[PDB]
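A short worksheet on the structure shown next.
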Amino acid sequence: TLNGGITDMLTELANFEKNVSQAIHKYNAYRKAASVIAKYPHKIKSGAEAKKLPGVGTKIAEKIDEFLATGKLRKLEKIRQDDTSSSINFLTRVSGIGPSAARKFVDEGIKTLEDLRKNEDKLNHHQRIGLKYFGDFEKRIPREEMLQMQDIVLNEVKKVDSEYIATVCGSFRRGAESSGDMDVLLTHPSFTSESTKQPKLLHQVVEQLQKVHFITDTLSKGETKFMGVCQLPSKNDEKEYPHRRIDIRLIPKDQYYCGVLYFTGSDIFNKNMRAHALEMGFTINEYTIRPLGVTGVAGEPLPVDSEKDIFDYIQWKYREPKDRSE
DNA sequence: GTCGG
DNA sequence: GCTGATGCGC
DNA sequence: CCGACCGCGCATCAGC
Ligand SMILES: Nc1nc2c(ncn2[C@H]2C[C@H](O)[C@@H](COP(=O)(O)OP(=O)(O)OP(=O)(O)O)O2)c(=O)[nH]1
Ligand SMILES: [Cl-]
Ligand SMILES: [Cl-]
Ligand SMILES: [Mg+2]
Ligand code: NA
Ligand code: NA
Ligand code: NA
């Protein structure tokens, strides 16, 4: 946690622009800056020194100068005093409440945690489960718990059919010692970019995991993306574990390396990598990397047979998952 | 809010 | 219903 | 200056 004071200021600035200002590029600006400063391996002693790194420009320069002087930023201090923005920031912490839902609720007087309980009638389903497990969803997961969760998922999956492969990605695959949640990549060989030979492929998995009582709730569920809740099982009169967020993404088996790249992340790394593809003249998503025509239209999928092939198309040296934390 | 063209 | 735009979350 | 800023799944709503 080297430059943590500066980086928390920028993350607090980014959350403001995102939740209150509804200014998604200001959000990404502060996020990039916070990311570049967090990877920089000295103690920033001046706003100008930070201005050297890309994505730290003039206005973040003044803000670093001030933070280094006072230990505060008064733009922030006053954002924290404003009760409209502080109520908006808080409501967005409920999964399913975004910036728009937050401001609407505040316009209706629903401002606090007890307000939300009074009015579970005015919530959609995702918002309800987000409120239900509001505290749990804010706890991290130690890696050790991730390892037991991995074992259940990989052993339950093997039972539905032995040809399912299931890869835990996200921060776990990047080597984190604690995780915000669990992210699971799922391949079955009967689902490729050329056919879906069997339906319910993802539904069977969600079904099996529900019946061992691992999956406990559902936020959203289509035929390739599940978004819900799980909980490790406890011993005899041991305290229950917190409930955990789990996403499971069924990707066509022949598109595994683009899928595993996407789900390993991080979100910022993905953004920077996909942006660099575009300046090199490629477009990357979770399925394919394609060349861009002389006009804008994306071409046809380039053949990929490892993660490193994707890095090589855009002329980056490969980076291990644990070096993709940005 | 930053940056590259 | 279907299509598309938006919110929200990755 | 000034526009472009990753890309997409699912839930939901408007409009036909
Ligand atoms: N292309 C893209 N991918 C994203 C974005 N957000 C998340 N992802 C991908 C990369 C993440 O590593 C992965 C899982 O999303 P998470 O929110 O769980 O992030 P991650 O697991 O890295 O962090 P965590 O420790 O769980 O909070 O999904 C995004 O805005 N764009
Ligand atoms: Cl691939
Ligand atoms: Cl594609
Ligand atoms: Mg995660
Ligand atoms: Na800079
Ligand atoms: Na939210
Ligand atoms: Na996730």
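Chain A is the first sequence line, chain B the second, and so forth, proteins listed ahead of strands; every chain is numbered from 1.
Closest-nucleotide positions on DNA chain D for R274(A) and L202(A) were compared, and the one nearer the 5' end corresponds to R274(A). Mapping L219(A) and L278(A) onto DNA chain D via the closest heavy atom, the residue that lands nearer the 5' end is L278(A).
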Per-pair distances, 0.1 Å, donor-acceptor, side chain in residues 56-63 of chain A, under 3.5 Å, sequence neighbours excluded:
| from | atom 1 | to | atom 2 | distance (Å) |
| --- | --- | --- | --- | --- |
| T58(A) | OG1 | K51(A) | NZ | 3.0 |

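Shown here are the side-chain contact (heavy atoms from CB on, under 4.5 Å) partners of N3(A), two or more places apart in sequence or in another chain: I6(A), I37(A), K43(A), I44(A). Under the salt bridge (charged side-chain N to carboxylate O under 4.0 Å, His left out) criterion, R128(A) pairs with no residue at all, not counting sequence neighbours. Applying the side-chain contact (heavy atoms from CB on, under 4.5 Å) test to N124(A) and every residue at least two apart in sequence or in another chain returns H126(A), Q127(A).
For the pair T92(A) and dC8(C), the criterion of a side-chain N or O lying under 4.0 Å from OP1 or OP2 is not met.
As judged by a 4.0 angstrom heavy-atom cut-off over every strand, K271(A) is placed among the base-contacting residues. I24(A) comes within 4.0 angstrom of no nucleic acid atom, judged by non-hydrogen atoms across all strands. Residue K32(A) is classed as having no contact, given no heavy-atom separation below 4.0 Å to the nucleic acid. Backbone-only contact: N285(A) has heavy atoms under 4.0 Å from sugar-phosphate atoms and none from a base. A33(A) comes within 4.0 angstrom of nothing in the nucleic acid, heavy atoms only. Looking at heavy-atom distances under 4.0 Å, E223(A) makes contact with sugar-phosphate atoms alone, never a base. Residue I97(A) is classed as a sugar-phosphate contact, given heavy-atom separations below 4.0 Å to backbone atoms only. Nucleic acid contact class of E17(A) (heavy atoms, under 4.0 Å, all strands): none.
Judged by the sign of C1'-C2'-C3'-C4', the furanose ring of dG1(C) adopts a north, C3'-endo-like conformation.
On the P atoms, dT2(B) is 23 Å away from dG7(D), given to the nearest whole Å.
With distances taken from any side-chain atom of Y287(A) to the nucleotides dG9(D), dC6(D), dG1(B), the minimum falls on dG9(D). The side chain of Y30(A) approaches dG1(B) more closely than any other nucleotide in the set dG7(C), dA11(D), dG1(B). If you check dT12(D), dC8(C), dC10(D) against the side chain of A101(A), the one that comes closest is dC8(C). Side-chain proximity of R249(A) to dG9(C), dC8(C), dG9(D): nearest is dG9(D). In this structure, the nucleotide among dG9(C), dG9(D), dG1(B) sitting nearest to the side chain of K63(A) is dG1(B). Taking only side-chain atoms of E286(A), from C-beta outward, the nucleotide of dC10(D), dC8(D), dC6(D) with the closest atom is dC8(D). Distance from the side chain of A275(A) is smallest for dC6(D) among the nucleotides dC6(D), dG9(C), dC8(D). Comparing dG9(C), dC8(C), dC6(D) by their nearest atom to the side chain of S95(A) picks out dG9(C). Across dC10(D), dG7(D), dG1(B), the shortest atom-to-atom separation from the side chain of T224(A) is found for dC10(D). Nearest nucleotide to the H25(A) side chain, out of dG7(D), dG9(C), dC5(D): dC5(D).
For the pair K18(A) NZ and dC8(C) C1', the computed distance is 8 Å after rounding to whole Å. When rounded to the nearest whole Å, the span between CD1 of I289(A) and P of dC6(D) equals 16 Å. One interatomic measurement links the two molecules: CG of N28(A) to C1' of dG9(C), which rounds to 14 Å at whole-angstrom precision. Atom CG in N19(A) sits about 12 Å away from atom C1' in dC8(C), given to the nearest Å. Put simply, CZ on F137(A) is 13 Å from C1' on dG9(C), counting in whole angstrom units. Taking atom CD1 on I88(A) and atom P on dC8(C), their separation rounds to 11 Å, with Å as the unit. Note: CG (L73(A)) to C1' (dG1(B)) measures 14 Å, nearest angstrom. In this structure, the CG atom of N124(A) is 6 Å from the P atom of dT12(D), given to the nearest Å.
Applying the salt bridge (charged side-chain N to carboxylate O under 4.0 Å, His left out) test to every pair with at least one member in residues 82-107 of chain A, sequence neighbours left out, gives these pairs: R93(A)-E138(A).
One finds the OG1 atom of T264(A) at 11.0 Å from the CD atom of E320(A) (value rounded to the nearest 0.5 Å). Annotation: the span from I79(A) atom CD1 to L13(A) atom CG amounts to 6.5 Å, rounded to 0.5 Å.
A salt bridge (charged side-chain N to carboxylate O under 4.0 Å, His left out) with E326(A) holds for exactly one of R174(A), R31(A), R319(A); it is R319(A).
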Please list, for nucleotides 3-5 of chain B, all pairs of protein and nucleotide N/O atoms separated by less than 3.5 Å.
| from | atom 1 | to | atom 2 | distance (Å) |
| --- | --- | --- | --- | --- |
| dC3(B) | OP1 | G55(A) | N | 2.7 |
| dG5(B) | OP1 | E279(A) | OE2 | 3.2 |

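A ring-centre distance under 6.0 Å is not found for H25(A) and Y27(A). A distance below 6.0 Å separates the ring centres of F90(A) and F134(A).
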